[PDB]
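What follows is each chain in one-letter form.
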Amino acid sequence: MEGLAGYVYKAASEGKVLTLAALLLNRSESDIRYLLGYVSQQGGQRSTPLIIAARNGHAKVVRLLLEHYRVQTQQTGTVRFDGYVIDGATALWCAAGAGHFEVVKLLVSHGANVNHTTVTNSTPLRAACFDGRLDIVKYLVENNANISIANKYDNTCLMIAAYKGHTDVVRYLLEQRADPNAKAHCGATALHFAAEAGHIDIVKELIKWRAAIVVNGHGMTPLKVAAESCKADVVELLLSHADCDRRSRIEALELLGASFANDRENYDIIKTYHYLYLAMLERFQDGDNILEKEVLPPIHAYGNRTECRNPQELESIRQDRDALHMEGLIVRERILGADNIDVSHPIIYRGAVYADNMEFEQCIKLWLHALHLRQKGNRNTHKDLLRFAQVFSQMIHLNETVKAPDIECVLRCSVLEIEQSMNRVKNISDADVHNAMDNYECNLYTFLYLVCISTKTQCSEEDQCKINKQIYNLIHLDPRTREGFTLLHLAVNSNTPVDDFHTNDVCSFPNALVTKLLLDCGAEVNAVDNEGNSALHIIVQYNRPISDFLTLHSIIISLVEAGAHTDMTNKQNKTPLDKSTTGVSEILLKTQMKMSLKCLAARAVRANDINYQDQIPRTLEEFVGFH
Amino acid sequence: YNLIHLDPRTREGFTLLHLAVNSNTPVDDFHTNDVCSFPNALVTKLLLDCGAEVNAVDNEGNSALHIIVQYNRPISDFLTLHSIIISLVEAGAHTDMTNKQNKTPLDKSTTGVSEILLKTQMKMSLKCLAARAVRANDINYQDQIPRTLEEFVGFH
Amino acid sequence: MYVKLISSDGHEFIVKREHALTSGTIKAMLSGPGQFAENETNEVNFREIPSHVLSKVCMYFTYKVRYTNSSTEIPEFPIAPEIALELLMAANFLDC
Amino acid sequence: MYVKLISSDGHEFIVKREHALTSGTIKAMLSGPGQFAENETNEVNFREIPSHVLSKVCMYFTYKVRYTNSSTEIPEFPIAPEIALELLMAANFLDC
Amino acid sequence: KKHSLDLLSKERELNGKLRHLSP
Amino acid sequence: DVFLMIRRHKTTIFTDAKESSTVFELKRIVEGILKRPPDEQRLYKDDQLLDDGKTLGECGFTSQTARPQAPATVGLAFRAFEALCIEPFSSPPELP
């Protein structure tokens, strides 16, 4: 039966030993196997009673289940971790991931498969080393556990222990014939993961254990990320390794100072200057064997400097915080190239700290340059675009003039990203389709915020005209929300969300100016969503019809000035007057109609179910479909 | 503005504003009827910009607002009616001032379109509510209030 | 000022000027080189609209000009099942 | 974010900022050299209007903020017969 | 809250890293 | 949609809340206003102490008795328990 399986699973999860021996007593041979192994979908996870007793750490319940009822150890299930979803794992994997020694011992003594793998080739040894319990990993290794075999993603226990703060498990792994040269998809070896974590003792012991400094598939070295994550204790030991290169030495403690110059976690000036000066002295002592820098031409947004070639400009920027930070950013971009996504974050942080004390222009140009750099890399810039609309809303609220080309370029980037999101969700899988659509909706909302910003600006004729063509292109690629809400429907809706930043002080919906701008750029005014509503059906439902009356009024006439049909019936056959829910909107729409014998004839055709196919003009077919 | 300062009145107390907002103003039928259409938004706006008194009353007490709210063509001529109401409110008019029969402009508004146009233009004020209470309870306000408040209660 | 609407069957449908100027294309026909400001015939010829449809169109003209400003539950325009789908093309060709 | 209203008897009448700013002279006193850009007290002292009338003034502030855009079945604001002729003076002093 | 406080470092790569880190 | 009137000896706070809201939310906004800890503040609905847990929908603060026109007076006391000492407003003058 299915009813008792739920109670058995509940008792196993709670681990009440006084309930297991009562619920599982006097059970037939078939039922004792049917109940133990039943799929219970709780909290979004498929939890076998055995695996849910192993995960909760009920050693007594697990021992009673294994010793008496003799449940198989090959049963699979799904356990929801902190951001980790694993299906197909056994009870040994669940016990190792939860870190309970007694359940692991009982399962292994009862015959649990230590070499059993999940869908992504994941062993319980990785689960045991995830929380770094030395007893469990020692017991598993002593029970024929293989460390050379990694998961589906070429990720064994070694780097899992490298990220985690536990050192006993990684030392035990390195003391049992472990190969630290295993490479991930992008050529990432164990030293890359150890340096990214930047644990001093792990990277110190890895030097003695054949660190094997090699270049991964990005043309990127473990020392680069060791010095990139703002840690000034790993680079010295990486140099202490006997195979350090001079060029790698040149990049080290120089990119480290660059990262220290611009980072929220490690923002300081004296440290940055000290490492920059020592890295400069590392090459500025030979003379006859000098290593002159190869510096790219300066960027107009990157000030007007070409890094430091002499010690005089190095010591001249000792008291200049902005100059030293900007040199650090420049050299970080030079060494890391223009492809790394992480180079935008220091620029964003510098712009944010420049904007937090009421100065905007340098922040504006830094965020614009970061937007350009991420546009080259083809990344999901939705959050950055959101914050960028936020900073425009703030600076408009503080009444400072707005650069029209900035709006121009951000709108063209927005429409390009919207098209990218369209093709992506067209070719997306069903697993991440919901978050892809959420990102698309955020892009739509930030596009509307930017359009409202543009309406709030006194752009010249050319700027506003090219904004009109770009918006024209956006509607001509037909962006539709998952509920059918086109751009006009979101522009005329008060239910369109606005984030908690300065946008709500400037960009509010419904907006008369945004609606008029959308109607200017060839928007489909009579667009119909899944519920059958149109822009008129949405604007008539406005809940503030007096205080914002003018805006509401304007929007209605704009729709009437753009061919919105006032007799259109939605999927429930409700004209916008039937959806008014307001006297003000009702009478505004009544005064904005015409008698329109076409509407009466179309209503007569629809109500009488006359087959209007090919016997009326082509436009009259959709006209009748309106009613 | 010179004529407005002269302050003309017809036989029935109509000022220039009341005639300019009344649809019953007799327009000549020879050629003016094809151009001059009363009520007209532009003439009222020009008069108000020329300092026309807004809260003037007839012999029946109707102001310009009481006259415009009774407009018989609020749908086919909505722009004129809306502009008249906007100009009358913005130039300063009492949306609930009473005539001799104690009828607010909302009460006189035969068409609901003008009712809700005025309601969108109407702003709630405690002074109007208190004046309405004073008039309804017939409490003696002589010398008990400022001179302006005396007439304010007088037309509420 | 009393225009004459002639259907495809020769049925004259003489109606008032302001009644017939509600339709946009009748206004267009009477405009341009179709004025003849002599107040003699103001004849417009409908080679396509049948008489049983032009009659309903003229009744619509009168009904609209009567009930254009009511907004107080105007009576429904009686459109027969057979007149519809042929009155629709007339209301399209004669805009509004 | 609140405005402290003090009547003629010393009755504090702490009310919302946006609720108090619906009246002209409260907005005027909170403007000028009276801004109190610290939002903890923002006190306004009235040595003229007694407690029973400023109470109804604050009640009216809340009442109009709640019903600012209803326009349908607007409920009456209860003015006592004795409190009239004096709430009128307060509403004339505090413009709207 | 300000611009710096709500600045959250790029976690899509961190989310990209952790799917390879599923134990 | 419930509007009420927190009363000290002289201080008077005007409060908006939900019908399906508990005592905790209004105690927290009185936290934000009067800056006194919540254990030593307690309400008094018609001189009857109310527990800090029940919602105001069934406690007695329905929208049809705590309308913003005349918010329901709610007592309050602070630890120096302390009895209800709500000072009434000024007596209005009689009809002239």
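Here is what the cut-offs are and how they apply
- Residues numbered from 1 in each chain as written, not as in the entry; some residues may be left out.
- Chains lettered and ligands numbered in written order.
- Part of a larger assembly, values for the part shown.
- Heavy atoms only, no water.
- Residues with missing side-chain atoms left out of burial classes, pairs and counts.
- Contact = heavy atoms within 4.5 Å.
- Helix = DSSP H or I, 4+ residues; strand = E, 2+ residues; numbered from the N terminus.
- Polar contact = N/O pair within 3.5 Å; in protein donor to acceptor, adjacent residues only side chain to side chain.
- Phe/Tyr/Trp six-rings, centres within 6.5 Å; stacked < 30°, edge-to-face > 60°.
- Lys NZ or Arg CZ within 6 Å of the ring centre and 35° of its normal.
- Axes fitted to C-alpha atoms, helices over the stretch in contact; angles between N-to-C directions.
- Parallel < 35°, antiparallel > 145°, perpendicular 65-115°, else oblique.
- Nonpolar A, V, L, I, M, F, W, Y, C, P; charged D, E, K, R; others polar.
- Buried area = accessible area lost by both parts, 1.4 Å probe.
- Salt bridge = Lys/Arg side-chain N within 4 Å of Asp/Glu carboxyl O.

For this coordinate set, the PDB header names cryo-EM as the determination method and states a resolution of 3.39 Å.

Colleague: Any chance you could explain the arrangement of the chains here in plain terms?
Modeller: Contacts between protein chains span eight pairs of chains, and they are most numerous for chains D and F. Note that chain C does not reach chain E: the shortest distance linking a C-alpha of one to a C-alpha of the other is 52 Å. Where chain A comes nearest to chain F, the C-alpha atoms are still 16 Å apart, and the two do not contact one another.

Colleague: How should the side chain of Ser-344 of chain A be read in this particular structure?
Modeller: Residue and element names in this part refer to chain A. With respect to the helices, strands and loops of the structure, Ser-344 is situated in helix α21 (residues 344–355). Within the local environment of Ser-344, its side chain forms a polar contact with the backbone oxygen of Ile-341, the two atoms lying 2.7 Å apart. Dropping the residues within four chain positions of it, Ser-344 is found in contact with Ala-370 and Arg-374.

Colleague: What should I look at first to understand the packing of aromatic side chains in this one?
Modeller: Any pair of aromatic rings gets described here by the distance separating the centres and the angle formed by the planes. Counted by the stated rule, this structure contains 22 aromatic pairs over all chains. Judged by centre distance (5.4 Å) and plane angle (50°), the ring pair of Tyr-63 of chain C and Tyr-67 of chain C falls under tilted. Above the plane of the ring of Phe-101 of chain A lies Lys-105 of chain A, whose end atom (NZ or CZ) is 3.5 Å from the centre. Sitting over the face of the ring of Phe-77 of chain D, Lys-56 of chain D holds its NZ or CZ atom 5.0 Å from the ring centroid.

Colleague: So what exactly am I meant to see when it comes to the packing of helix α8 (residues 126–137) of chain B against helix α9 (residues 147–154) of chain B here?
Modeller: Residue and element names in this part refer to chain B. Running from amino to carboxyl end, α8 crosses α9 at an angle of 70°, the nearest separation of the two axes being 9 Å. One finds that α8 runs roughly perpendicular with respect to α9. Every residue of α9 that contacts α8 at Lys-127, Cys-128, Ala-131, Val-134 and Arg-135 is listed here: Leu-149, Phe-152, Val-153 and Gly-154. Class assignment for the residues of the contact of α8 with α9 results in six nonpolar, one polar and two charged.

Colleague: So what exactly am I meant to see when it comes to the interface of chain F and chain D here?
Modeller: Size of an interface, as often reported, equals the accessible area lost when the parts are brought together. Facing 23 residues of chain F, the contacting portion of chain D comprises 27 residues. The three residues of chain F that bury the most area against chain D are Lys-10, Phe-14 and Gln-69 of chain F, which together make up 32% of that side's buried surface. The interface formed by chain F and chain D holds one salt bridge in total. Salt-bridge contacts for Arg-66 of chain D lead to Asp-1 of chain F; the nearest nitrogen and oxygen are separated by 2.5 Å. Put simply, chain F and chain D have eight residue pairs in polar contact between them. Listing elements by their share of the side of chain F that touches chain D, those giving two or more residues are β1 (2–7), β2 (12–17) and α1 (23–34) of chain F. Among the elements that line the side of chain F that touches chain D, the one with the most residues is β2 of chain F, at three residues.

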